[PDB]
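Numbering (the UniProt record's numbering), first residue to last: 2 to 129. Working notes, beginning with the structure itself.
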Amino acid sequence: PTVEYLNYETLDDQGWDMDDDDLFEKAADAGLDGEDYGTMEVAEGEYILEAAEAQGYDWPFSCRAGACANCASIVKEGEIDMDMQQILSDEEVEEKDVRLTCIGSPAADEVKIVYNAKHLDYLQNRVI
Ligand code: FES
């Protein structure tokens with residue numbers, strides 16, 4: 002069960018694409034902040050955010066006051082498991098590739114996803 006994490010910020014700075022230049026593959030040819038890009042490996046069933054949090058991987062805990070269901074990531078390929086669901090929408094995982102990484106585990110073997118989505122512009126304005 003391995004999941005490749007890629008800093009969403011490196012996507013803009015490097016000016017690359019998510020699936021065009023295969024950043025997950027081209028990033029290995031350069032050498033960006035290991036904490037930004039790299040292949041994550043966690044046992045199946047272990048909360049990804051936690052398994053990676055032990056290696057130093059940080060995540061924008063987008064947990065609001067009173068329940069929650071909108072962390073901040075972008076699965077580049079693969080599926081993730083998590084508690085029940087209803088508010089979220091498939092269109093969000095297909096058009097935004099976002100999902101739950103805090104207490105969510107990997108549903109497939111090799112799954113790619115962008116970390117630190119907080120940089121997104123859909124939230125940058127609501128940062129303060
Ligand atoms: S930000 Fe609340 S469960 Fe992830």
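Just so it is clear, CB atoms sit at the ideal spot from N, CA and C, and this is done for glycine as well.
1. Quick one: complete beta strand (DSSP E) runs, 3+ long, within the UniProt domain "2Fe-2S ferredoxin-type" (29-120)?
2. From the DSSP output, read off the bridge partner residues of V4.
3. Given a threshold of 16 other Cβ atoms within 10 Å of its Cβ, counted over all protein chains shown, does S90 qualify as buried or as exposed?
4. If we count the other Cβ atoms within 10 Å of its Cβ and call it buried at 16 or more, is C64 buried or exposed?
5. Buried or exposed for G16, going by 16 or more other Cβ atoms inside 10 Å?
6. Rounded to whole angstroms, what is the Cα-Cα separation between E10 and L33?
7. Applying the 10 Å Cβ sphere with the 16-neighbour rule, what's the burial state of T102?
8. Using only the alpha-carbon positions, how far apart do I88 and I49 sit?
According to the data block:
1. Segments of the beta strand (DSSP E) lying fully in the UniProt domain "2Fe-2S ferredoxin-type" (29-120): 38-42, 75-78, 111-116.
2. Within the sequence shown, numbered from 1, the residue matching residue 4 stands at position 3. In DSSP, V4 forms a bridge with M41, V112.
3. Position 89 of the sequence shown holds residue 90. It counts as exposed.
4. Residue mapping note: residue 64 aligns to position 63 of the sequence shown, counting from 1. By the 10 Å Cβ count, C64 comes out exposed.
5. Residue mapping note: residue 16 aligns to position 15 of the sequence shown, counting from 1. Only exposed fits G16, as fewer than 16 other CB atoms lie within 10 angstroms of its CB.
6. One-based indexing of the sequence shown puts residue 10 at position 9. One-based indexing of the sequence shown puts residue 33 at position 32. One C-alpha to the other measures close to 11 Å.
7. In the sequence shown, the residue the question calls residue 102 occupies position 101. Under a 10 Å Cβ-count criterion, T102 is classified as buried, with 16 or more other Cβ atoms of the shown protein chains found around its own Cβ.
8. In the sequence shown, residue 88 corresponds to position 87, counting from 1. In the sequence shown, residue 49 corresponds to position 48, counting from 1. One C-alpha to the other measures close to 21 Å.
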